[PDB]
Amino acid sequence: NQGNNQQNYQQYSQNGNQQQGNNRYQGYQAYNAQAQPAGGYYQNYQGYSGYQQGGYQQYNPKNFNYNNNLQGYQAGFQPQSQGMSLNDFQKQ
Amino acid sequence: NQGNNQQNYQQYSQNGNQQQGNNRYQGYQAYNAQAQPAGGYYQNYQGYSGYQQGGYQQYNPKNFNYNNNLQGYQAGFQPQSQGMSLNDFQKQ
Amino acid sequence: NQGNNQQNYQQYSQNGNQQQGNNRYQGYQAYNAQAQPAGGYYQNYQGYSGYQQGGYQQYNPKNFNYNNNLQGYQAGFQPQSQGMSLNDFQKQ
Amino acid sequence: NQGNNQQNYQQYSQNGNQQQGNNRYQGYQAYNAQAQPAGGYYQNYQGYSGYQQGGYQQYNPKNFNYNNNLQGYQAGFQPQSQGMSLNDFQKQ
Amino acid sequence: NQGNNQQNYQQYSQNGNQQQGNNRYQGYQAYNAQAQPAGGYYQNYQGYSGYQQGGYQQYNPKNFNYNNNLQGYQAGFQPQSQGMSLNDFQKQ
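Residues numbered from 1 in each chain as written, not as in the entry; some residues may be left out. Chains lettered and ligands numbered in written order. Heavy atoms only, no water.

Determination of this PDB entry was carried out by cryo-EM to a resolution of 3.10 Å, according to the record.

Structure, rendered in structure tokens:
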């Protein structure tokens, strides 16, 4: 093994659990607009975990732009540009 | 093994669980607009996990643009451009 | 093995579980517009996991644009362009 | 083995489970417009998992555009263009 | 083995399960417009998994456009074009 290496390794185990019954679950989701409502009856919850964004790795024994967007909000980007740019984010 | 390497390795186990019955589940989802409502009756929940975005890896013993968008919002992008650009994000 | 390598390896196991019965499931989904409502009765849930987006890998012992969009929102893109561009995102 | 390599390897097992009966499932889906409603009675759910988007891999011991869109929304794209472009996303 | 290689390998097993009977399934789907409603009575569900989109792979020891769209929404694309383009996405 020699050189660059980006490794994402996640080990998750949910095995050997007992959940008893007789449960009453009433879930009301209504009139949601541009939303992601989450809910429920859980015992073991593993979620939204293990995120890896790689980076610069240069191994040696013209405009470059690299953008990694994970679950993010990016608006109004003019990198390495020539001219005039107008970005208006007025909130009233 | 020699050179660049991007590896996504996820191991998940849900094996050996007991869920008892006699359960009452009433789920009401209505009048959702541009939404992703999530719910339910769960015991072991593994989700939205293990995301890997690769990066720059250069191994050596003109405009370049690389964009990785995972579950993201990207609006108004003019990288490495020449001229004039108008991006208007007014909210009233 | 020598050179670039992008590998997505996911191992998932749900084997050896017991789910008891006598369950009452009432699910009401109605009047959803441009929506993806999710629900149900679950014991072991593995979903929306294991996403890999490859990256730059250059092994050596004119406009280039590379865009990877996974479950994302991309609007108003003018990379490496010459001229004038108007992108209007007014919300009233 | 030598050179570029993009490999998607997913192993999923649901074998050896017991689901007891006597279940009552009432599912009501109606008046959905441009929607994908999901629901049901589940024990082991594996879905929407294991997505791989390849990337740049260059092995060496004029306008290029590469776009990978997986379950994404892309509107208003004018990469590597010359002229004037108007993209209007007004919401009222 | 030498050169570029894109391989999609998925192994899924659901073998050795017991599902007991005496079940009552009432499913009502009506008045859906431009929709894909999904539901039912399940034990082992494997679906919408294992998607691979290949990428750039160049092995060496004028306008090019490559677009891969999987279950995606692409509207208003004018890459590597000369002139004027109007794309109007007004929602009222």
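Having seen the model, we can carry on.
## Quick word on the nonpolar core
Cut-off, in case you're wondering: Only buried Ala, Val, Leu, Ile, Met, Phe, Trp, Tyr and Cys residues count toward a nonpolar core, and they belong to the same one when joined by side-chain atoms within 4.5 Å. Only protein chains enter the calculation, and the probe is 1.4 Å; a residue is then buried if its accessible area is under 20% of its type maximum, exposed if over 50%, and partly exposed in between.
Grouped together as the largest cluster of nonpolar side chains are 18 residues, with contacts concentrated most on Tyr-51 of chain B, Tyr-45, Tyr-48 and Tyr-51 of chain C together with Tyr-45 and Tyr-51 of chain D. Listed in part, the 10 residues of the second largest apolar core include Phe-64 and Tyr-66 of chain B, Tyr-66 of chain D together with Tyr-56 of chain E.

## Some remarks on the sheet that holds strand 4 (residues 44–47) of chain A
The criterion, for reference: Pairs of strands are assigned from DSSP output, requiring at least two bridges between the strands. Helix numbering and strand numbering both begin at the N terminus, where a helix is a DSSP run of H or I of at least 4 residues and a strand a DSSP run of E of at least 2. Interaxial angle, 0 to 180 degrees, is taken between N-to-C directions of lines fitted to C-alpha atoms, where a helix line uses only the stretch in contact.
On the basis of which strands lie adjacent, the open sheet formed by 5 strands has the order 4(A)-4(B)-4(C)-4(D)-4(E) and parallel pairing. Looking at which strands have only one partner, the edges of the open sheet turn out to be strand 4 of chain A together with strand 4 (44–47) of chain E. Strand-to-strand twist of the sheet, defined as the mean angle between neighbouring strand axes without regard to direction, takes the value 0°. Note: strand 4 of chain A against strand 4 (residues 44–47) of chain B, 4 bridges, orientation parallel. Note that in strand 4 of chain B the partner of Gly-47 of chain A across the bridge is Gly-47 of chain B.

## Some words on empty space enclosed by the protein
Picture a little ball the size of a water molecule; that probe, rolled over the atoms, points out where space is still empty. So the rule is basically this: The method works on a 1 Å grid over the protein atoms by themselves. A cavity is a set of points holding a 1.4 Å probe that cannot get out, a pocket is an open set with protein on both sides within 12 Å along at least five of seven lines, and residues with an atom within 4 Å of a point line them. Grid points are joined across faces, edges and corners, and a volume is the space filled by probe spheres set on the points. Residues were grouped as follows: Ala, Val, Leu, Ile, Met, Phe, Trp, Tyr, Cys and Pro as nonpolar; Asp, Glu, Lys and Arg as charged; and all remaining residues, including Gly, as polar.
Its boundaries defined by the atoms lining it, the largest cavity holds a volume of some 400 Å³. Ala-38, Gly-39, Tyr-45 and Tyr-48 of chain C together with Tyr-45 of chain D are the residues nearest the centre of the largest cavity, which is lined by 28 residues in total. Across the lining of the largest cavity, the residue classes break down as 19 nonpolar, 9 polar and no charged. Of the voids in this model, the second largest cavity is the one considered here, and its volume is about 100 Å³. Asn-65, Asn-67, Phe-77 and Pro-79 of chain C together with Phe-77 of chain D are, among the 15 residues lining the second largest cavity, the residues nearest its centre. Contributing elements (two or more residues each) for the lining of the second largest cavity: strand 7 (63–70) of chain B, strand 7 (63–70) of chain C together with strand 7 (63–70) of chain D.

## Points about the sheet that holds strand 2 (residues 18–19) of chain C
Read across the sheet, 5 strands follow the order 2(A)-2(B)-2(C)-2(D)-2(E) without closing on themselves; strand pairing throughout is parallel. Every interior strand has two partners, whereas the edge strands, strand 2 (18–19) of chain A together with strand 2 (18–19) of chain E, have only one. Pairing analysis gives 2 bridges linking strand 2 of chain A to strand 2 (residues 18–19) of chain B, with the strands arranged parallel. Along strand 2 of chain B, the bridge assignment pairs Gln-19 of chain A with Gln-19 of chain B.

## A look at unusual backbone geometry
Non-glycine residue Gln-34 of chain C carries a positive phi angle of around 55°. Positive phi outside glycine occurs at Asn-22 of chain D, with the angle close to 60°. For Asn-22 of chain D, a relative accessible area of 43% puts it in the partly exposed group.

## Side note on the interface of chain A and chain B
Rules: The contact rule is simple, with two residues in contact once any of their heavy atoms fall within 4.5 Å. When two parts are brought into contact, each loses some accessible area as probed by a 1.4 Å sphere; the total of that loss over both is the buried area. Salt bridges are counted wherever a side-chain nitrogen of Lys or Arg sits within 4 Å of a carboxyl oxygen of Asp or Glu. Nitrogen and oxygen atoms within 3.5 Å of one another constitute a polar contact, given that in protein one can donate a hydrogen and the other can accept it, and given that sequence-neighbouring residues count only through two side-chain atoms.
Counting residues at the interface gives 92 residues for chain A, matched by 92 residues for chain B. Taken together, both faces of the contact between chain A and chain B bury some 7900 Å²; the carbon and sulfur share is 40%. Summed over the three residues of chain A that lose the most area to chain B, namely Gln-19, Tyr-25 and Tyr-66 of chain A, the buried surface amounts to 8% of that side. Counting the contacts that link chain A with chain B gives 0 salt bridges. Counting across the interface, chain A meets chain B through 128 residue pairs in polar contact. Pairing analysis gives 7 bridges linking strand 9 (residues 82–88) of chain A to strand 9 (residues 82–88) of chain B, with the strands arranged parallel.

## Examining the environment of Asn-4 of chain D
Within the fold, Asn-4 of chain D resides in the segment before strand 1 (6–13). You can call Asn-4 of chain D buried: its relative accessible area is 1%. Placed 52 residues apart in sequence, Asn-4 of chain D and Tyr-56 of chain D show a C-alpha to C-alpha distance of 9.5 Å. Residue contacts for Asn-4 of chain D: discarding those within four places in its chain leaves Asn-4 of chain C, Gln-57, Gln-58 and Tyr-59 of chain D together with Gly-3, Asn-4, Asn-5, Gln-57, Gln-58 and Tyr-59 of chain E. For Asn-4 of chain D, the side chain forms a polar contact with the side chain of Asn-4 of chain C, separated by 2.7 Å.

## Here's the deal with the side chain of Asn-44 of chain D
Mapped onto the elements of the fold, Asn-44 of chain D is located in strand 4 (residues 44–47). You can call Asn-44 of chain D buried: its relative accessible area is 0%. Of the polar contacts made by the side chain of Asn-44 of chain D, one reaches the side chain of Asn-44 of chain E; its length is 2.9 Å. Contact partners of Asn-44 of chain D, with chain neighbours within four places excluded, come to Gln-14, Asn-17 and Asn-44 of chain C, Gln-14 and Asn-17 of chain D together with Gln-43, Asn-44 and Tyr-45 of chain E.

## Comments concerning the interface of chain B and chain C
Opposite the 92 residues of chain B that make contact, chain C presents 92 residues. Summing the contributions of chain B and of chain C, the shared interface buries around 7900 Å²; its carbon and sulfur component is 40%. Linking chain B to chain C there are 0 salt bridges. Counting across the interface, chain B meets chain C through 128 residue pairs in polar contact. When the residues that make up the side of chain B that touches chain C are grouped by side-chain class, the tally is 28 nonpolar, 60 polar and 4 charged. Two strands pair when backbone bridges link them, and strand 7 of chain B and strand 7 of chain C are joined in this way by 8 bridges, in the parallel orientation. Looking at the pairing, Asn-65 of chain B lines up with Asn-65 of chain C of strand 7 of chain C.

## Examining the packing of aromatic side chains
Heads up, the condition is: Any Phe, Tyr or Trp ring, taking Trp's six-membered ring, that has another such ring centre within 6.5 Å forms a pair; planes under 30 degrees apart are called stacked, those over 60 apart edge-to-face, and the others tilted.
One pass over the full model with this rule turns up 84 aromatic pairs over all chains. Where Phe-64 of chain A meets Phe-64 of chain B, the ring centres are 4.9 Å apart and the plane angle is 0°; that geometry is what we call stacked. In this pair, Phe-64 of chain A sits in strand 7 (residues 63–70) while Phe-64 of chain B sits in strand 7, so the two residues belong to two different chains. You can call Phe-64 of chain A partly exposed: its relative accessible area is 34%. The class of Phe-64 of chain B is buried, set by a relative accessible area of 12%. A ring pair is formed by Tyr-12 of chain B and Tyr-12 of chain C, whose centres lie 4.8 Å apart and whose planes are at 0°; its orientation type is stacked. Remark: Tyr-12 of chain C occurs in strand 1 (residues 6–13) and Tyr-12 of chain B occurs in strand 1 (residues 6–13); the pair is interchain, linking two chains. The burial state of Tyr-12 of chain B is the same as that of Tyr-12 of chain C; both residues are buried.

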